[PDB]
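Below is the file entry-v1.cif, which contains mmCIF, C-alpha atoms and all ligand atoms.
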data_final
loop_
_atom_site.group_PDB
_atom_site.id
_atom_site.type_symbol
_atom_site.label_atom_id
_atom_site.label_comp_id
_atom_site.auth_asym_id
_atom_site.auth_seq_id
_atom_site.Cartn_x
_atom_site.Cartn_y
_atom_site.Cartn_z
ATOM 1 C CA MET M 1 112.676 117.659 126.393
ATOM 2 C CA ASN M 2 111.505 114.146 125.896
ATOM 3 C CA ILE M 3 110.336 111.673 123.241
ATOM 4 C CA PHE M 4 106.835 113.031 123.358
ATOM 5 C CA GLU M 5 107.741 116.604 122.926
ATOM 6 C CA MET M 6 110.321 115.702 120.389
ATOM 7 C CA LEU M 7 107.990 113.802 118.149
ATOM 8 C CA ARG M 8 105.269 116.384 118.590
ATOM 9 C CA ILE M 9 107.706 118.800 117.063
ATOM 10 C CA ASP M 10 108.601 116.528 114.183
ATOM 11 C CA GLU M 11 105.090 115.482 113.380
ATOM 12 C CA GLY M 12 102.816 118.400 114.181
ATOM 13 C CA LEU M 13 99.189 118.056 115.315
ATOM 14 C CA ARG M 14 96.209 117.780 112.891
ATOM 15 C CA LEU M 15 92.693 117.055 113.826
ATOM 16 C CA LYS M 16 91.395 116.324 110.403
ATOM 17 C CA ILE M 17 92.602 113.549 108.103
ATOM 18 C CA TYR M 18 95.587 114.611 106.029
ATOM 19 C CA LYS M 19 98.161 113.292 103.630
ATOM 20 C CA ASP M 20 101.639 112.702 104.945
ATOM 21 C CA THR M 21 104.962 113.434 103.163
ATOM 22 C CA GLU M 22 104.534 110.120 101.279
ATOM 23 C CA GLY M 23 100.927 110.966 100.373
ATOM 24 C CA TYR M 24 99.388 108.595 102.915
ATOM 25 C CA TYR M 25 96.290 109.261 104.906
ATOM 26 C CA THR M 26 97.176 110.270 108.431
ATOM 27 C CA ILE M 27 95.700 112.049 111.408
ATOM 28 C CA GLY M 28 96.671 113.520 114.827
ATOM 29 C CA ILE M 29 100.350 113.298 115.655
ATOM 30 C CA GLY M 30 101.700 111.344 112.745
ATOM 31 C CA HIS M 31 99.265 108.486 113.202
ATOM 32 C CA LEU M 32 99.210 106.661 109.866
ATOM 33 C CA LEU M 33 95.819 105.407 108.961
ATOM 34 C CA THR M 34 96.378 103.512 105.761
ATOM 35 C CA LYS M 35 98.535 103.254 102.719
ATOM 36 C CA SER M 36 95.446 102.880 100.588
ATOM 37 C CA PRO M 37 94.527 105.566 98.189
ATOM 38 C CA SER M 38 90.961 105.586 99.368
ATOM 39 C CA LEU M 39 89.547 108.104 101.764
ATOM 40 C CA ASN M 40 86.729 105.880 102.776
ATOM 41 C CA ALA M 41 89.183 103.263 103.607
ATOM 42 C CA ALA M 42 90.890 105.921 105.759
ATOM 43 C CA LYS M 43 87.713 107.015 107.326
ATOM 44 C CA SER M 44 86.949 103.517 108.194
ATOM 45 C CA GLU M 45 90.290 102.773 109.746
ATOM 46 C CA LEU M 46 89.921 105.920 111.685
ATOM 47 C CA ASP M 47 86.553 105.015 113.191
ATOM 48 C CA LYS M 48 87.796 101.667 114.021
ATOM 49 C CA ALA M 49 90.835 103.229 115.765
ATOM 50 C CA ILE M 50 88.844 105.735 117.822
ATOM 51 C CA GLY M 51 85.784 103.663 118.470
ATOM 52 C CA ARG M 52 83.135 106.020 117.034
ATOM 53 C CA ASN M 53 81.689 107.495 113.878
ATOM 54 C CA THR M 54 84.142 110.305 113.459
ATOM 55 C CA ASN M 55 83.537 111.557 110.014
ATOM 56 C CA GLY M 56 87.386 112.265 109.688
ATOM 57 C CA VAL M 57 87.721 114.670 112.560
ATOM 58 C CA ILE M 58 88.955 113.933 116.125
ATOM 59 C CA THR M 59 89.546 115.863 119.223
ATOM 60 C CA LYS M 60 92.855 116.773 120.720
ATOM 61 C CA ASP M 61 92.322 114.272 123.459
ATOM 62 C CA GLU M 62 91.677 111.423 120.922
ATOM 63 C CA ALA M 63 94.806 112.518 119.041
ATOM 64 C CA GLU M 64 96.802 112.352 122.203
ATOM 65 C CA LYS M 65 95.498 108.953 123.034
ATOM 66 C CA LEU M 66 96.547 107.586 119.602
ATOM 67 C CA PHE M 67 99.907 109.232 120.193
ATOM 68 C CA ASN M 68 100.478 107.545 123.513
ATOM 69 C CA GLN M 69 99.578 104.224 122.047
ATOM 70 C CA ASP M 70 101.942 104.756 119.140
ATOM 71 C CA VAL M 71 104.902 105.732 121.261
ATOM 72 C CA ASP M 72 104.279 102.759 123.469
ATOM 73 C CA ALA M 73 104.105 100.454 120.527
ATOM 74 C CA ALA M 74 107.361 101.720 119.086
ATOM 75 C CA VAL M 75 109.202 101.195 122.292
ATOM 76 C CA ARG M 76 107.887 97.721 122.718
ATOM 77 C CA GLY M 77 108.542 97.008 119.071
ATOM 78 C CA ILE M 78 112.232 97.959 119.655
ATOM 79 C CA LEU M 79 112.509 95.748 122.665
ATOM 80 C CA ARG M 80 111.171 92.808 120.897
ATOM 81 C CA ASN M 81 113.353 93.280 117.839
ATOM 82 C CA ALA M 82 116.471 91.289 117.869
ATOM 83 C CA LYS M 83 118.354 93.685 115.772
ATOM 84 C CA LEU M 84 117.095 96.724 117.592
ATOM 85 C CA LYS M 85 117.136 95.831 121.212
ATOM 86 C CA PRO M 86 120.880 95.507 121.646
ATOM 87 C CA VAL M 87 121.349 98.865 120.092
ATOM 88 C CA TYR M 88 118.801 100.598 122.240
ATOM 89 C CA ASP M 89 120.236 98.909 125.341
ATOM 90 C CA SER M 90 123.694 100.238 124.522
ATOM 91 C CA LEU M 91 122.593 103.850 124.231
ATOM 92 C CA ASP M 92 122.153 106.766 126.599
ATOM 93 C CA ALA M 93 118.697 108.380 127.181
ATOM 94 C CA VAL M 94 118.918 111.086 124.581
ATOM 95 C CA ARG M 95 120.046 108.813 121.851
ATOM 96 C CA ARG M 96 117.401 106.236 122.790
ATOM 97 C CA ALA M 97 114.780 108.845 122.039
ATOM 98 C CA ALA M 98 116.303 109.401 118.633
ATOM 99 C CA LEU M 99 116.028 105.725 117.864
ATOM 100 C CA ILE M 100 112.401 105.648 119.003
ATOM 101 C CA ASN M 101 111.613 108.594 116.726
ATOM 102 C CA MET M 102 113.056 106.849 113.765
ATOM 103 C CA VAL M 103 111.093 103.704 114.539
ATOM 104 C CA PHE M 104 107.948 105.762 114.902
ATOM 105 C CA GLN M 105 108.599 107.302 111.505
ATOM 106 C CA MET M 106 109.615 104.289 109.482
ATOM 107 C CA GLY M 107 108.689 101.193 111.401
ATOM 108 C CA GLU M 108 110.876 98.612 112.961
ATOM 109 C CA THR M 109 111.549 96.979 109.765
ATOM 110 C CA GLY M 110 112.719 100.122 108.090
ATOM 111 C CA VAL M 111 115.104 100.899 110.871
ATOM 112 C CA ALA M 112 116.405 97.322 111.320
ATOM 113 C CA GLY M 113 117.595 97.774 107.729
ATOM 114 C CA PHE M 114 120.249 100.389 108.705
ATOM 115 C CA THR M 115 122.533 97.615 109.542
ATOM 116 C CA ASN M 116 125.690 99.474 109.163
ATOM 117 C CA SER M 117 124.587 102.576 110.990
ATOM 118 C CA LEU M 118 123.224 100.429 113.788
ATOM 119 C CA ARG M 119 126.516 98.788 114.256
ATOM 120 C CA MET M 120 128.304 102.041 114.390
ATOM 121 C CA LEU M 121 125.960 103.410 116.871
ATOM 122 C CA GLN M 122 126.332 100.429 119.105
ATOM 123 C CA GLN M 123 130.052 100.956 118.811
ATOM 124 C CA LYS M 124 129.695 104.605 119.763
ATOM 125 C CA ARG M 125 131.362 105.857 116.643
ATOM 126 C CA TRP M 126 129.170 108.998 116.439
ATOM 127 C CA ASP M 127 130.489 110.861 113.471
ATOM 128 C CA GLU M 128 130.891 107.802 111.415
ATOM 129 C CA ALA M 129 127.341 106.782 112.096
ATOM 130 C CA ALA M 130 126.137 110.274 111.222
ATOM 131 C CA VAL M 131 127.811 110.050 107.892
ATOM 132 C CA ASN M 132 126.400 106.667 107.181
ATOM 133 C CA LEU M 133 122.822 107.598 108.193
ATOM 134 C CA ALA M 134 122.768 110.442 105.724
ATOM 135 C CA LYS M 135 123.340 108.110 102.802
ATOM 136 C CA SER M 136 119.722 107.027 102.664
ATOM 137 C CA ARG M 137 116.558 107.717 101.011
ATOM 138 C CA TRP M 138 115.235 108.746 104.398
ATOM 139 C CA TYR M 139 117.693 111.637 104.550
ATOM 140 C CA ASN M 140 117.130 112.697 100.938
ATOM 141 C CA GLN M 141 113.298 112.780 101.330
ATOM 142 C CA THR M 142 112.975 114.461 104.753
ATOM 143 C CA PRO M 143 116.283 116.147 105.124
ATOM 144 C CA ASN M 144 115.484 118.619 107.860
ATOM 145 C CA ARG M 145 113.935 116.056 110.145
ATOM 146 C CA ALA M 146 116.776 113.597 109.312
ATOM 147 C CA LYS M 147 119.410 116.295 110.159
ATOM 148 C CA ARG M 148 117.689 116.843 113.519
ATOM 149 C CA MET M 149 117.987 113.127 114.310
ATOM 150 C CA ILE M 150 121.462 112.818 113.049
ATOM 151 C CA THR M 151 122.629 115.732 115.225
ATOM 152 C CA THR M 152 120.987 114.134 118.086
ATOM 153 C CA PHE M 153 122.807 110.796 117.544
ATOM 154 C CA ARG M 154 126.022 112.659 116.912
ATOM 155 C CA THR M 155 125.911 114.770 120.025
ATOM 156 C CA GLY M 156 123.809 113.066 122.535
ATOM 157 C CA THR M 157 122.063 116.394 123.383
ATOM 158 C CA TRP M 158 118.782 118.028 122.356
ATOM 159 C CA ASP M 159 120.382 121.009 120.730
ATOM 160 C CA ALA M 160 118.715 120.390 117.371
ATOM 161 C CA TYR M 161 115.370 120.692 119.006
ATOM 162 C CA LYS M 162 116.003 123.918 120.976
HETATM 163 CL CL CL I 1 95.215 101.833 116.295
HETATM 164 CL CL CL I 2 112.007 117.235 106.663
#
Write the structure described by the file as structure tokens, please.
Ligand SMILES: [Cl-]
Ligand SMILES: [Cl-]
Amino acid sequence: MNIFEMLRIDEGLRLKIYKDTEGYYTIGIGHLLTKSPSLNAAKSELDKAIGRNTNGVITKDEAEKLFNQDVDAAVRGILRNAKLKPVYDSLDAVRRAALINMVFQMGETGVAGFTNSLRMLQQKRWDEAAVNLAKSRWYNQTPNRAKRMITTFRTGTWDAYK
């Protein structure tokens, strides 16, 4: 297992524009297009992203290419973030993938806000951090995905994803 396969499981694959769990226009593998309520706006952002007149549909290949860019961006975003980097550096490979997933889901900013949990993770206090992470809107809105992540941080293995 790896970050790519992990997120592909959490996000699914859709080749036509869709609404995410928050009602935002998305496509491919969790690639957010816009927070705007307008579909044209979404269609526009999409064409701009792919580089062609797509009419709201893409191929698998195009989806994958957005995915690769997005994973890459998250990683780099972590490394540049002064709150995030030290955490990521302290972790093992499995747990690093969990952190990337969360950043991919909620953005750097969102994650950098889990101050307390971050600290606990850096400290390697696994169960405590798992309890703290669950006290969040994130957990209450997407509980099954959150439980997968939490197990992952707790255990350092991929069991939640097998
Ligand atoms: Cl883009
Ligand atoms: Cl969920």
To check your reading of the model: which residues sit at most 6 Å from ligand CL 2 (chain I) when counting all atoms listed in the file? Write the answer as an NGL selection string.
:M and (142-145)
Within 8 Å of ligand CL 1 (chain I) (counting all atoms listed in the file), which residues show up? I'd like them as a ChimeraX atom specification.
/M:48-50,66,69-70
One decimal, in Å: what's the spacing between CA of residue 23 in chain M and CA of residue 35 in chain M?
8.4 Å
Using only C-alpha atoms, can you tell me which of M:65, M:119, M:154, M:8 comes closest to residue 105 in chain M?
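Of the candidates, the smallest distance to residue 105 in chain M is held by M:8.
If all atoms listed in the file are the atoms counted, then among M:120, M:3, M:57, M:17 the closest residue to residue 38 in chain M is M:17.
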Incomplete range 119-138 of chain M brought to N, CA and C atoms, written out as a tab-separated table (two decimals), in the coordinates of the input:
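Dumped everything to rebuild.tsv:
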chain	number	residue	atom	x	y	z
M	119	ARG	N	125.29	99.36	113.68
M	119	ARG	CA	126.52	98.79	114.26
M	119	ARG	C	127.42	99.88	114.79
M	120	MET	N	127.46	100.94	114.02
M	120	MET	CA	128.30	102.04	114.39
M	120	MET	C	127.75	102.71	115.60
M	121	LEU	N	126.44	102.74	115.65
M	121	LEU	CA	125.96	103.41	116.87
M	121	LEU	C	126.30	102.56	118.11
M	122	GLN	N	126.09	101.27	117.99
M	122	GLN	CA	126.33	100.43	119.10
M	122	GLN	C	127.80	100.56	119.53
M	123	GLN	N	128.67	100.82	118.55
M	123	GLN	CA	130.05	100.96	118.81
M	123	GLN	C	130.42	102.28	119.35
M	124	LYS	N	129.47	103.23	119.32
M	124	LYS	CA	129.70	104.60	119.76
M	124	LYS	C	130.62	105.42	118.89
M	125	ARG	N	130.60	105.09	117.60
M	125	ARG	CA	131.36	105.86	116.64
M	125	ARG	C	130.41	106.89	116.06
M	126	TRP	N	130.21	108.00	116.78
M	126	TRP	CA	129.17	109.00	116.44
M	126	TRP	C	129.23	109.69	115.06
M	127	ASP	N	130.38	110.22	114.75
M	127	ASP	CA	130.49	110.86	113.47
M	127	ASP	C	130.42	109.88	112.33
M	128	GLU	N	130.97	108.71	112.53
M	128	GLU	CA	130.89	107.80	111.42
M	128	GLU	C	129.45	107.44	111.16
M	129	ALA	N	128.74	107.21	112.26
M	129	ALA	CA	127.34	106.78	112.10
M	129	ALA	C	126.49	107.91	111.41
M	130	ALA	N	126.83	109.12	111.75
M	130	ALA	CA	126.14	110.27	111.22
M	130	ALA	C	126.38	110.39	109.73
M	131	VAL	N	127.58	109.99	109.31
M	131	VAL	CA	127.81	110.05	107.89
M	131	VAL	C	127.05	108.94	107.19
M	132	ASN	N	127.13	107.77	107.75
M	132	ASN	CA	126.40	106.67	107.18
M	132	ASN	C	124.85	106.92	107.14
M	133	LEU	N	124.26	107.46	108.21
M	133	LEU	CA	122.82	107.60	108.19
M	133	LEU	C	122.40	108.50	107.06
M	134	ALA	N	123.24	109.45	106.71
M	134	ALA	CA	122.77	110.44	105.72
M	134	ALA	C	122.70	109.86	104.34
M	135	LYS	N	123.41	108.75	104.14
M	135	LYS	CA	123.34	108.11	102.80
M	135	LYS	C	122.10	107.22	102.72
M	136	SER	N	120.93	107.83	102.59
M	136	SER	CA	119.72	107.03	102.66
M	136	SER	C	118.63	107.81	102.01
M	137	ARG	N	117.71	107.03	101.55
M	137	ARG	CA	116.56	107.72	101.01
M	137	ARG	C	115.90	108.60	102.04
M	138	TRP	N	115.84	108.05	103.26
M	138	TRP	CA	115.24	108.75	104.40
M	138	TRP	C	115.77	110.20	104.49
